[PDB]
>>> print(open('structure_19.pdb').read())   # PDB, N, CA and C atoms and all ligand atoms
ATOM      1  N   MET A   1     -37.279 -48.556-134.761  1.00  0.00           N
ATOM      2  CA  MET A   1     -37.565 -47.812-136.006  1.00  0.00           C
ATOM      3  C   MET A   1     -36.292 -47.537-136.809  1.00  0.00           C
ATOM      4  N   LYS A   2     -35.273 -46.822-136.323  1.00  0.00           N
ATOM      5  CA  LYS A   2     -35.187 -45.976-135.140  1.00  0.00           C
ATOM      6  C   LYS A   2     -33.755 -46.001-134.616  1.00  0.00           C
ATOM      7  N   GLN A   3     -32.856 -45.412-135.388  1.00  0.00           N
ATOM      8  CA  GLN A   3     -31.502 -45.051-135.055  1.00  0.00           C
ATOM      9  C   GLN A   3     -31.253 -43.793-135.896  1.00  0.00           C
ATOM     10  N   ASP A   4     -30.350 -42.920-135.468  1.00  0.00           N
ATOM     11  CA  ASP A   4     -29.043 -43.157-136.048  1.00  0.00           C
ATOM     12  C   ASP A   4     -28.002 -43.145-134.940  1.00  0.00           C
ATOM     13  N   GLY A   5     -26.922 -43.888-135.144  1.00  0.00           N
ATOM     14  CA  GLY A   5     -25.898 -44.132-134.156  1.00  0.00           C
ATOM     15  C   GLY A   5     -24.803 -43.198-134.593  1.00  0.00           C
ATOM     16  N   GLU A   6     -24.705 -42.074-133.901  1.00  0.00           N
ATOM     17  CA  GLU A   6     -24.487 -40.817-134.559  1.00  0.00           C
ATOM     18  C   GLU A   6     -23.498 -40.065-133.700  1.00  0.00           C
ATOM     19  N   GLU A   7     -22.643 -39.319-134.374  1.00  0.00           N
ATOM     20  CA  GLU A   7     -21.498 -38.662-133.802  1.00  0.00           C
ATOM     21  C   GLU A   7     -21.407 -37.304-134.482  1.00  0.00           C
ATOM     22  N   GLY A   8     -20.542 -36.430-133.972  1.00  0.00           N
ATOM     23  CA  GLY A   8     -19.953 -35.444-134.854  1.00  0.00           C
ATOM     24  C   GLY A   8     -19.018 -36.201-135.789  1.00  0.00           C
ATOM     25  N   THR A   9     -17.938 -36.715-135.199  1.00  0.00           N
ATOM     26  CA  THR A   9     -16.749 -37.343-135.763  1.00  0.00           C
ATOM     27  C   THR A   9     -15.616 -36.707-134.956  1.00  0.00           C
ATOM     28  N   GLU A  10     -14.553 -36.240-135.611  1.00  0.00           N
ATOM     29  CA  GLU A  10     -13.714 -35.097-135.244  1.00  0.00           C
ATOM     30  C   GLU A  10     -14.026 -34.514-133.852  1.00  0.00           C
ATOM     31  N   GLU A  11     -13.367 -35.012-132.801  1.00  0.00           N
ATOM     32  CA  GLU A  11     -13.544 -34.452-131.469  1.00  0.00           C
ATOM     33  C   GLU A  11     -12.266 -34.680-130.657  1.00  0.00           C
ATOM     34  N   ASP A  12     -11.151 -34.086-131.081  1.00  0.00           N
ATOM     35  CA  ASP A  12      -9.868 -34.258-130.410  1.00  0.00           C
ATOM     36  C   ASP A  12      -9.223 -32.890-130.250  1.00  0.00           C
ATOM     37  N   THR A  13      -9.026 -32.466-128.998  1.00  0.00           N
ATOM     38  CA  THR A  13      -8.383 -31.213-128.607  1.00  0.00           C
ATOM     39  C   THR A  13      -8.816 -30.020-129.481  1.00  0.00           C
ATOM     40  N   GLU A  14     -10.085 -30.000-129.903  1.00  0.00           N
ATOM     41  CA  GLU A  14     -10.573 -29.044-130.886  1.00  0.00           C
ATOM     42  C   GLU A  14     -11.120 -27.810-130.170  1.00  0.00           C
ATOM     43  N   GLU A  15     -12.155 -27.984-129.343  1.00  0.00           N
ATOM     44  CA  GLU A  15     -12.795 -26.881-128.635  1.00  0.00           C
ATOM     45  C   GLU A  15     -13.238 -27.397-127.257  1.00  0.00           C
ATOM     46  N   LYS A  16     -12.282 -27.882-126.454  1.00  0.00           N
ATOM     47  CA  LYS A  16     -12.582 -28.583-125.205  1.00  0.00           C
ATOM     48  C   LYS A  16     -11.753 -27.991-124.064  1.00  0.00           C
ATOM     49  N   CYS A  17     -12.421 -27.382-123.082  1.00  0.00           N
ATOM     50  CA  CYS A  17     -11.807 -26.830-121.883  1.00  0.00           C
ATOM     51  C   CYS A  17     -11.436 -28.015-120.987  1.00  0.00           C
ATOM     52  N   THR A  18     -10.155 -28.390-120.942  1.00  0.00           N
ATOM     53  CA  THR A  18      -9.706 -29.478-120.076  1.00  0.00           C
ATOM     54  C   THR A  18      -9.375 -28.946-118.678  1.00  0.00           C
ATOM     55  N   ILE A  19      -9.894 -27.761-118.352  1.00  0.00           N
ATOM     56  CA  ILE A  19      -9.719 -27.119-117.070  1.00  0.00           C
ATOM     57  C   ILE A  19     -11.012 -27.302-116.287  1.00  0.00           C
ATOM     58  N   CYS A  20     -12.118 -26.786-116.832  1.00  0.00           N
ATOM     59  CA  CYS A  20     -13.452 -26.969-116.283  1.00  0.00           C
ATOM     60  C   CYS A  20     -14.087 -28.260-116.820  1.00  0.00           C
ATOM     61  N   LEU A  21     -13.287 -29.154-117.416  1.00  0.00           N
ATOM     62  CA  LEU A  21     -13.693 -30.479-117.873  1.00  0.00           C
ATOM     63  C   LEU A  21     -15.004 -30.432-118.660  1.00  0.00           C
ATOM     64  N   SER A  22     -15.116 -29.515-119.621  1.00  0.00           N
ATOM     65  CA  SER A  22     -16.310 -29.434-120.446  1.00  0.00           C
ATOM     66  C   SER A  22     -15.965 -28.950-121.849  1.00  0.00           C
ATOM     67  N   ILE A  23     -16.774 -29.369-122.816  1.00  0.00           N
ATOM     68  CA  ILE A  23     -16.640 -28.990-124.203  1.00  0.00           C
ATOM     69  C   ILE A  23     -17.301 -27.613-124.362  1.00  0.00           C
ATOM     70  N   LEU A  24     -16.973 -26.897-125.439  1.00  0.00           N
ATOM     71  CA  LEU A  24     -17.406 -25.530-125.682  1.00  0.00           C
ATOM     72  C   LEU A  24     -18.488 -25.510-126.767  1.00  0.00           C
ATOM     73  N   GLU A  25     -18.091 -25.468-128.041  1.00  0.00           N
ATOM     74  CA  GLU A  25     -18.931 -25.474-129.243  1.00  0.00           C
ATOM     75  C   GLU A  25     -19.926 -24.312-129.277  1.00  0.00           C
ATOM     76  N   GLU A  26     -19.425 -23.159-129.731  1.00  0.00           N
ATOM     77  CA  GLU A  26     -20.111 -21.925-130.123  1.00  0.00           C
ATOM     78  C   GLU A  26     -19.624 -20.781-129.252  1.00  0.00           C
ATOM     79  N   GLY A  27     -19.137 -19.718-129.891  1.00  0.00           N
ATOM     80  CA  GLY A  27     -19.097 -18.376-129.323  1.00  0.00           C
ATOM     81  C   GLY A  27     -18.187 -18.185-128.111  1.00  0.00           C
ATOM     82  N   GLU A  28     -17.594 -19.243-127.563  1.00  0.00           N
ATOM     83  CA  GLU A  28     -16.816 -19.127-126.351  1.00  0.00           C
ATOM     84  C   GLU A  28     -15.514 -18.406-126.639  1.00  0.00           C
ATOM     85  N   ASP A  29     -15.068 -17.628-125.660  1.00  0.00           N
ATOM     86  CA  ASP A  29     -13.737 -17.064-125.736  1.00  0.00           C
ATOM     87  C   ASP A  29     -12.780 -18.227-125.530  1.00  0.00           C
ATOM     88  N   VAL A  30     -12.019 -18.577-126.562  1.00  0.00           N
ATOM     89  CA  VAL A  30     -10.916 -19.509-126.431  1.00  0.00           C
ATOM     90  C   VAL A  30      -9.633 -18.696-126.446  1.00  0.00           C
ATOM     91  N   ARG A  31      -8.602 -19.181-125.760  1.00  0.00           N
ATOM     92  CA  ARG A  31      -7.285 -18.583-125.817  1.00  0.00           C
ATOM     93  C   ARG A  31      -6.317 -19.738-125.960  1.00  0.00           C
ATOM     94  N   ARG A  32      -5.365 -19.631-126.885  1.00  0.00           N
ATOM     95  CA  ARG A  32      -4.346 -20.652-127.027  1.00  0.00           C
ATOM     96  C   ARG A  32      -3.049 -20.105-126.483  1.00  0.00           C
ATOM     97  N   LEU A  33      -2.422 -20.909-125.640  1.00  0.00           N
ATOM     98  CA  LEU A  33      -1.133 -20.666-125.062  1.00  0.00           C
ATOM     99  C   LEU A  33      -0.087 -20.632-126.173  1.00  0.00           C
ATOM    100  N   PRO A  34       1.056 -19.981-125.927  1.00  0.00           N
ATOM    101  CA  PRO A  34       2.190 -20.034-126.831  1.00  0.00           C
ATOM    102  C   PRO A  34       2.707 -21.466-126.982  1.00  0.00           C
ATOM    103  N   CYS A  35       2.432 -22.356-126.020  1.00  0.00           N
ATOM    104  CA  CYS A  35       2.949 -23.716-126.032  1.00  0.00           C
ATOM    105  C   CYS A  35       2.024 -24.643-126.837  1.00  0.00           C
ATOM    106  N   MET A  36       1.335 -24.095-127.841  1.00  0.00           N
ATOM    107  CA  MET A  36       0.208 -24.683-128.543  1.00  0.00           C
ATOM    108  C   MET A  36      -0.676 -25.528-127.631  1.00  0.00           C
ATOM    109  N   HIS A  37      -1.592 -24.882-126.918  1.00  0.00           N
ATOM    110  CA  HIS A  37      -2.665 -25.574-126.225  1.00  0.00           C
ATOM    111  C   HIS A  37      -3.850 -24.627-126.208  1.00  0.00           C
ATOM    112  N   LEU A  38      -4.996 -25.017-126.770  1.00  0.00           N
ATOM    113  CA  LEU A  38      -6.181 -24.176-126.716  1.00  0.00           C
ATOM    114  C   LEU A  38      -6.983 -24.555-125.484  1.00  0.00           C
ATOM    115  N   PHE A  39      -7.417 -23.551-124.726  1.00  0.00           N
ATOM    116  CA  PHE A  39      -8.309 -23.710-123.597  1.00  0.00           C
ATOM    117  C   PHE A  39      -9.314 -22.553-123.639  1.00  0.00           C
ATOM    118  N   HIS A  40     -10.119 -22.438-122.592  1.00  0.00           N
ATOM    119  CA  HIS A  40     -11.155 -21.434-122.400  1.00  0.00           C
ATOM    120  C   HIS A  40     -10.494 -20.201-121.793  1.00  0.00           C
ATOM    121  N   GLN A  41     -10.823 -18.978-122.216  1.00  0.00           N
ATOM    122  CA  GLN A  41     -10.153 -17.788-121.700  1.00  0.00           C
ATOM    123  C   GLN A  41     -10.352 -17.652-120.189  1.00  0.00           C
ATOM    124  N   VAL A  42     -11.558 -17.929-119.694  1.00  0.00           N
ATOM    125  CA  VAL A  42     -11.818 -17.846-118.265  1.00  0.00           C
ATOM    126  C   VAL A  42     -10.949 -18.864-117.527  1.00  0.00           C
ATOM    127  N   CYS A  43     -11.051 -20.146-117.881  1.00  0.00           N
ATOM    128  CA  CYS A  43     -10.511 -21.188-117.020  1.00  0.00           C
ATOM    129  C   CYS A  43      -8.986 -21.233-117.124  1.00  0.00           C
ATOM    130  N   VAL A  44      -8.429 -20.931-118.298  1.00  0.00           N
ATOM    131  CA  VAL A  44      -6.988 -20.793-118.420  1.00  0.00           C
ATOM    132  C   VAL A  44      -6.518 -19.737-117.418  1.00  0.00           C
ATOM    133  N   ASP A  45      -7.230 -18.610-117.300  1.00  0.00           N
ATOM    134  CA  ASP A  45      -6.954 -17.589-116.292  1.00  0.00           C
ATOM    135  C   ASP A  45      -7.604 -17.948-114.946  1.00  0.00           C
ATOM    136  N   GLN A  46      -7.538 -19.229-114.578  1.00  0.00           N
ATOM    137  CA  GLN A  46      -7.951 -19.760-113.293  1.00  0.00           C
ATOM    138  C   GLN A  46      -6.882 -20.773-112.884  1.00  0.00           C
ATOM    139  N   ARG A  47      -6.756 -21.870-113.637  1.00  0.00           N
ATOM    140  CA  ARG A  47      -5.745 -22.884-113.367  1.00  0.00           C
ATOM    141  C   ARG A  47      -4.335 -22.335-113.576  1.00  0.00           C
ATOM    142  N   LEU A  48      -4.110 -21.535-114.622  1.00  0.00           N
ATOM    143  CA  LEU A  48      -2.783 -21.006-114.918  1.00  0.00           C
ATOM    144  C   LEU A  48      -2.627 -19.589-114.353  1.00  0.00           C
ATOM    145  N   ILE A  49      -3.301 -19.250-113.246  1.00  0.00           N
ATOM    146  CA  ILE A  49      -2.926 -18.047-112.508  1.00  0.00           C
ATOM    147  C   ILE A  49      -1.581 -18.339-111.835  1.00  0.00           C
ATOM    148  N   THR A  50      -1.568 -19.350-110.967  1.00  0.00           N
ATOM    149  CA  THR A  50      -0.443 -19.649-110.091  1.00  0.00           C
ATOM    150  C   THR A  50       0.561 -20.604-110.750  1.00  0.00           C
ATOM    151  N   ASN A  51       0.344 -20.998-112.006  1.00  0.00           N
ATOM    152  CA  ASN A  51       1.241 -21.901-112.711  1.00  0.00           C
ATOM    153  C   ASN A  51       1.252 -21.484-114.173  1.00  0.00           C
ATOM    154  N   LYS A  52       2.385 -21.602-114.865  1.00  0.00           N
ATOM    155  CA  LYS A  52       2.565 -20.945-116.146  1.00  0.00           C
ATOM    156  C   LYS A  52       3.613 -21.693-116.952  1.00  0.00           C
ATOM    157  N   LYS A  53       3.394 -22.994-117.147  1.00  0.00           N
ATOM    158  CA  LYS A  53       4.287 -23.853-117.915  1.00  0.00           C
ATOM    159  C   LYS A  53       3.474 -25.021-118.466  1.00  0.00           C
ATOM    160  N   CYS A  54       3.595 -25.320-119.764  1.00  0.00           N
ATOM    161  CA  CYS A  54       2.904 -26.451-120.376  1.00  0.00           C
ATOM    162  C   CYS A  54       3.505 -27.717-119.748  1.00  0.00           C
ATOM    163  N   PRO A  55       2.685 -28.665-119.266  1.00  0.00           N
ATOM    164  CA  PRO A  55       3.159 -29.846-118.555  1.00  0.00           C
ATOM    165  C   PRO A  55       3.868 -30.846-119.464  1.00  0.00           C
ATOM    166  N   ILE A  56       3.748 -30.684-120.782  1.00  0.00           N
ATOM    167  CA  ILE A  56       4.321 -31.596-121.757  1.00  0.00           C
ATOM    168  C   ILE A  56       5.241 -30.815-122.693  1.00  0.00           C
ATOM    169  N   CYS A  57       4.766 -29.677-123.203  1.00  0.00           N
ATOM    170  CA  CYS A  57       5.496 -28.868-124.172  1.00  0.00           C
ATOM    171  C   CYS A  57       6.745 -28.253-123.522  1.00  0.00           C
ATOM    172  N   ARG A  58       6.739 -28.089-122.192  1.00  0.00           N
ATOM    173  CA  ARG A  58       7.831 -27.509-121.417  1.00  0.00           C
ATOM    174  C   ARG A  58       8.225 -26.135-121.960  1.00  0.00           C
ATOM    175  N   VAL A  59       7.234 -25.257-122.082  1.00  0.00           N
ATOM    176  CA  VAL A  59       7.392 -23.876-122.504  1.00  0.00           C
ATOM    177  C   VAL A  59       6.623 -23.042-121.491  1.00  0.00           C
ATOM    178  N   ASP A  60       7.152 -21.871-121.137  1.00  0.00           N
ATOM    179  CA  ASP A  60       6.490 -20.984-120.196  1.00  0.00           C
ATOM    180  C   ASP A  60       5.320 -20.313-120.912  1.00  0.00           C
ATOM    181  N   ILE A  61       4.165 -20.300-120.253  1.00  0.00           N
ATOM    182  CA  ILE A  61       2.892 -19.901-120.818  1.00  0.00           C
ATOM    183  C   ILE A  61       2.719 -18.401-120.655  1.00  0.00           C
ATOM    184  N   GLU A  62       3.070 -17.908-119.471  1.00  0.00           N
ATOM    185  CA  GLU A  62       3.346 -16.503-119.283  1.00  0.00           C
ATOM    186  C   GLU A  62       4.606 -16.245-120.103  1.00  0.00           C
ATOM    187  N   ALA A  63       4.528 -15.352-121.086  1.00  0.00           N
ATOM    188  CA  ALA A  63       5.519 -15.256-122.142  1.00  0.00           C
ATOM    189  C   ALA A  63       5.808 -13.777-122.267  1.00  0.00           C
ATOM    190  N   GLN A  64       6.403 -13.279-121.186  1.00  0.00           N
ATOM    191  CA  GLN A  64       6.219 -11.946-120.651  1.00  0.00           C
ATOM    192  C   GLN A  64       4.886 -11.883-119.912  1.00  0.00           C
ATOM    193  N   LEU A  65       4.974 -11.686-118.600  1.00  0.00           N
ATOM    194  CA  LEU A  65       4.302 -10.602-117.899  1.00  0.00           C
ATOM    195  C   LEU A  65       5.325 -10.190-116.831  1.00  0.00           C
ATOM    196  N   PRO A  66       5.583  -8.895-116.608  1.00  0.00           N
ATOM    197  CA  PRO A  66       4.767  -7.750-116.974  1.00  0.00           C
ATOM    198  C   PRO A  66       3.467  -7.637-116.199  1.00  0.00           C
ATOM    199  N   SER A  67       3.376  -8.343-115.080  1.00  0.00           N
ATOM    200  CA  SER A  67       2.725  -7.767-113.936  1.00  0.00           C
ATOM    201  C   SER A  67       3.721  -7.993-112.815  1.00  0.00           C
ATOM    202  N   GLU A  68       3.235  -8.420-111.666  1.00  0.00           N
ATOM    203  CA  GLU A  68       3.430  -7.697-110.426  1.00  0.00           C
ATOM    204  C   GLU A  68       2.125  -7.958-109.714  1.00  0.00           C
ATOM    205  N   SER A  69       2.073  -9.102-109.052  1.00  0.00           N
ATOM    206  CA  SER A  69       2.355  -9.103-107.627  1.00  0.00           C
ATOM    207  C   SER A  69       2.448 -10.562-107.209  1.00  0.00           C
TER     208      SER A  69
HETATM  209 ZN    ZN B 101     -13.708 -23.614-118.874  1.00  0.00          ZN
HETATM  210 ZN    ZN B 102       1.369 -26.667-125.042  1.00  0.00          ZN
END
>>> encode(input="structure_19.pdb", output="structure tokens")
Amino acid sequence: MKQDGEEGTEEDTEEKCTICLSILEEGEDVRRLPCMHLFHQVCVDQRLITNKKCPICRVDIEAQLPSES
């Protein structure tokens, strides 16, 4: 009949959690690191608990803390 061969378009590092390997699109808490990288607020505070440096940007992601332990 019977297409359309159809995309958004625009789908590059826009709203995509590369931690939990899934796209977001609507209402999600996003957080962007100081090293310019946007991720999901939950998963960034999962993978980057024990690590705190952009693997390419070479900037510390914890940018002050200011916790303890
Ligand atoms: Zn996620
Ligand atoms: Zn970065």
>>> residues_around(input="structure_19.pdb", residues="stretch 34-42 of chain A", least_positions_apart="6", cutoff="8 Å", atoms="only N, CA and C atoms", output="list in words")
residues 13, 14, 15, 16, 17, 18, 19, 20, 28, 48, 53, 54, 57, 58, 59, 60, 61, 62 and 63 of chain A
>>> closest_residue(input="structure_19.pdb", among="A:22, A:64, A:51, A:9", to="ligand ZN 101 (chain B)", atoms="only N, CA and C atoms and all ligand atoms")
A:22
>>> closest_residue(input="structure_19.pdb", among="A:32, A:69, A:26, A:10", to="residue A:50", atoms="only C-alpha atoms")
A:69
>>> select_by_dssp(input="structure_19.pdb", residues="stretch 3-64 of chain A", states="strand (DSSP E or B)", output="VMD selection string")
chain A and resid 16 to 17 22 to 23 30 to 33 37 to 40 53 60
>>> select_by_dssp(input="structure_19.pdb", residues="chain A", states="alpha helix (DSSP H)", output="PDB file with N, CA and C atoms, in the frame of the given file")
ATOM      1  N   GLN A  41     -10.823 -18.978-122.216  1.00  0.00           N
ATOM      2  CA  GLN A  41     -10.153 -17.788-121.700  1.00  0.00           C
ATOM      3  C   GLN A  41     -10.352 -17.652-120.189  1.00  0.00           C
ATOM      4  N   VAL A  42     -11.558 -17.929-119.694  1.00  0.00           N
ATOM      5  CA  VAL A  42     -11.818 -17.846-118.265  1.00  0.00           C
ATOM      6  C   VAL A  42     -10.949 -18.864-117.527  1.00  0.00           C
ATOM      7  N   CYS A  43     -11.051 -20.146-117.881  1.00  0.00           N
ATOM      8  CA  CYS A  43     -10.511 -21.188-117.020  1.00  0.00           C
ATOM      9  C   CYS A  43      -8.986 -21.233-117.124  1.00  0.00           C
ATOM     10  N   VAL A  44      -8.429 -20.931-118.298  1.00  0.00           N
ATOM     11  CA  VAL A  44      -6.988 -20.793-118.420  1.00  0.00           C
ATOM     12  C   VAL A  44      -6.518 -19.737-117.418  1.00  0.00           C
ATOM     13  N   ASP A  45      -7.230 -18.610-117.300  1.00  0.00           N
ATOM     14  CA  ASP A  45      -6.954 -17.589-116.292  1.00  0.00           C
ATOM     15  C   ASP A  45      -7.604 -17.948-114.946  1.00  0.00           C
ATOM     16  N   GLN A  46      -7.538 -19.229-114.578  1.00  0.00           N
ATOM     17  CA  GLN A  46      -7.951 -19.760-113.293  1.00  0.00           C
ATOM     18  C   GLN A  46      -6.882 -20.773-112.884  1.00  0.00           C
ATOM     19  N   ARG A  47      -6.756 -21.870-113.637  1.00  0.00           N
ATOM     20  CA  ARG A  47      -5.745 -22.884-113.367  1.00  0.00           C
ATOM     21  C   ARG A  47      -4.335 -22.335-113.576  1.00  0.00           C
TER      22      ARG A  47
END
>>> atom_distance(input="structure_19.pdb", atom1="atom C of residue A:67", atom2="atom CA of residue A:21")
28.9 Å
>>> closest_residue(input="structure_19.pdb", among="A:65, A:23, A:56, A:49", to="ligand ZN 101 (chain B)", atoms="only N, CA and C atoms and all ligand atoms")
A:23
>>> atom_distance(input="structure_19.pdb", atom1="atom CA of residue A:55", atom2="atom N of residue A:12")
19.5 Å
>>> closest_residue(input="structure_19.pdb", among="A:1, A:24, A:33, A:44", to="ligand ZN 102 (chain B)", atoms="only C-alpha atoms and all ligand atoms")
A:33
>>> atom_distance(input="structure_19.pdb", atom1="atom CA of residue A:52", atom2="atom N of residue A:29")
20.3 Å
>>> decode(input="structure_19.pdb", residues="stretch 33-44 of chain A", atoms="N, CA, C and O atoms", output="JSON list (two decimals), in the first residue's frame")
[["chain", "number", "residue", "atom", "x", "y", "z"],
["A", 33, "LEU", "N", 27.33, 16.08, 32.57],
["A", 33, "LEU", "CA", 28.60, 16.20, 33.22],
["A", 33, "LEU", "C", 29.23, 17.54, 32.83],
["A", 33, "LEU", "O", 28.95, 18.07, 31.75],
["A", 34, "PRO", "N", 30.16, 18.04, 33.65],
["A", 34, "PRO", "CA", 30.96, 19.21, 33.30],
["A", 34, "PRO", "C", 31.80, 18.94, 32.05],
["A", 34, "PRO", "O", 32.16, 19.88, 31.35],
["A", 35, "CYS", "N", 32.08, 17.67, 31.72],
["A", 35, "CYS", "CA", 32.94, 17.32, 30.60],
["A", 35, "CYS", "C", 32.13, 17.25, 29.29],
["A", 35, "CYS", "O", 32.44, 16.42, 28.42],
["A", 36, "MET", "N", 31.06, 18.04, 29.20],
["A", 36, "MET", "CA", 30.00, 17.94, 28.21],
["A", 36, "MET", "C", 29.69, 16.50, 27.82],
["A", 36, "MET", "O", 30.17, 15.99, 26.80],
["A", 37, "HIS", "N", 28.87, 15.82, 28.61],
["A", 37, "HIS", "CA", 28.29, 14.55, 28.22],
["A", 37, "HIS", "C", 26.93, 14.47, 28.91],
["A", 37, "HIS", "O", 26.89, 14.58, 30.13],
["A", 38, "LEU", "N", 25.84, 14.33, 28.15],
["A", 38, "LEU", "CA", 24.53, 14.18, 28.76],
["A", 38, "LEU", "C", 24.25, 12.69, 28.94],
["A", 38, "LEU", "O", 24.45, 11.92, 28.01],
["A", 39, "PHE", "N", 23.78, 12.31, 30.13],
["A", 39, "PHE", "CA", 23.33, 10.97, 30.43],
["A", 39, "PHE", "C", 22.07, 11.10, 31.29],
["A", 39, "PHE", "O", 21.51, 12.18, 31.47],
["A", 40, "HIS", "N", 21.59, 9.97, 31.80],
["A", 40, "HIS", "CA", 20.41, 9.83, 32.64],
["A", 40, "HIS", "C", 20.83, 10.09, 34.08],
["A", 40, "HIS", "O", 21.88, 9.59, 34.47],
["A", 41, "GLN", "N", 20.06, 10.82, 34.89],
["A", 41, "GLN", "CA", 20.47, 11.14, 36.25],
["A", 41, "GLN", "C", 20.68, 9.87, 37.08],
["A", 41, "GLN", "O", 21.63, 9.79, 37.86],
["A", 42, "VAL", "N", 19.80, 8.88, 36.94],
["A", 42, "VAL", "CA", 19.94, 7.64, 37.68],
["A", 42, "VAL", "C", 21.24, 6.94, 37.26],
["A", 42, "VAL", "O", 22.07, 6.63, 38.11],
["A", 43, "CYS", "N", 21.41, 6.67, 35.97],
["A", 43, "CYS", "CA", 22.45, 5.73, 35.56],
["A", 43, "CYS", "C", 23.83, 6.39, 35.65],
["A", 43, "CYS", "O", 24.83, 5.72, 35.91],
["A", 44, "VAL", "N", 23.92, 7.70, 35.41],
["A", 44, "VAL", "CA", 25.16, 8.41, 35.64],
["A", 44, "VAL", "C", 25.57, 8.20, 37.10],
["A", 44, "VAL", "O", 26.72, 7.84, 37.36]]
